[PDB]
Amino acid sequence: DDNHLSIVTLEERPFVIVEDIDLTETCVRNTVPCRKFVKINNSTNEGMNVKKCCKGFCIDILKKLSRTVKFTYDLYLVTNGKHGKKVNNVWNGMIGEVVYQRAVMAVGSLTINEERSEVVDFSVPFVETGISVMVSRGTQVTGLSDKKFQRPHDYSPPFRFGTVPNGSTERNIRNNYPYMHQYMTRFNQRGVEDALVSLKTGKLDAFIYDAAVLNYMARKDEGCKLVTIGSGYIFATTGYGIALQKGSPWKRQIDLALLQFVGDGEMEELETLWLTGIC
């Protein structure tokens, strides 16, 4: 029917958290049914659909939208990729499921950019993000545009800062601050966890990464020793948005519902519930 929507999502705590069905064969508590096509091994396309239970910040948004926009859904986790890249002229991830009409919309920590907006429509952003900076509490830097980053050699001792390679942040820095990117290569980290350790252990002065992620890690940092820059100094500001098919008849109602949630304070409630920590 026209009112039952296929919706794709991506496991990414705390925005989307996946659990096993409890014992019954149903999802309880604050979770919703979501299926996953689990591969047989890493060298095959064969697999099996498995019933899971999904919960989180983005799931509660989906529950709010389903109730307000008045639609039902079948939620499933993407398997080919993560959020979405254009690999060999083909979109994978959550973007691909929408572009190739396998999903009506995609819910998750999906950053709005110009590249993706050409193949999918994005809703209004429900969470602000961008390129931010995290330092040990006390260190003085503005945003990415600080001269201490653009020209690290102009200062003594020069700042030691990096990111996680092959991500959106490095791709932006490579295009906008070429020398900063060249300087960062010898300071890049395996992941977020190894970056925060480098900041605490004095091996790294600044970590440059997604704004929403850095803010979430800062609010639950043990000892509250890591802090992010103010929102006014975030570079290339954007947001997490819900992707839809181009010309979708649902985008108008989704936008009004999302803007209502921001105005209602329901969005703040979800941020306090899922994203705010103890710092």
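The numbering used is simple: start at 1 and walk along the sequence shown.
Colleague: Look at the stretch from residue 22 to residue 23 and count the residues of the deposited sequence that the entry does not model, then pick none, 1 to 3, 4 to 9, or 10 or more.
Modeller: The entry has a short gap there, with 1 to 3 residues left out between residue 22 and residue 23.
Colleague: State which stretch shows the higher mean Cα B factor in the entry: 207-215 or 42-50.
Modeller: The recorded data point to 42-50.
Colleague: Tell me which stretch has the larger mean Cα B-factor in this entry, 145-153 or 171-179.
Modeller: The deposited B-factors put 145-153 ahead on the C-alpha mean.
Colleague: Could you say which of 134, 124, 103, 87 has its CA atom at the highest B factor, as listed in the PDB entry?
Modeller: Comparing C-alpha B-factors across 134, 124, 103, 87, the maximum falls on 87.
Colleague: Among the choices 79, 113, 163, 109, identify the one whose CA B-factor in the record is greatest.
Modeller: By C-alpha B-factor in the record, 79 ranks first.
Colleague: Considering every modelled residue of the chain and its Cα B-factor in the PDB entry, is residue 253 in the lowest, middle or highest third?
Modeller: Middle third - that is where residue 253 ends up once the chain's C-alpha B-factors are sorted.
Colleague: Going by what the PDB entry lists, where does residue 120 fall on CA B-factor within its chain: lowest, middle or highest third?
Modeller: According to the entry, residue 120 has a C-alpha B-factor in the chain's lowest third.
Colleague: Using the temperature factors of the C-alpha atoms in this entry, rank residue 191 within its chain: lowest, middle or highest third.
Modeller: As the PDB entry reports it, the C-alpha B-factor of residue 191 lands in the middle third of its chain.
Colleague: Going by the CA temperature factor in the PDB record, which third of the chain does residue 69 belong to: lowest, middle or highest?
Modeller: Highest third - that is where residue 69 ends up once the chain's C-alpha B-factors are sorted.
Colleague: Going by what the PDB entry lists, where does residue 242 fall on CA B-factor within its chain: lowest, middle or highest third?
Modeller: Ranked within chain, residue 242 CA B lands in the lowest tercile.
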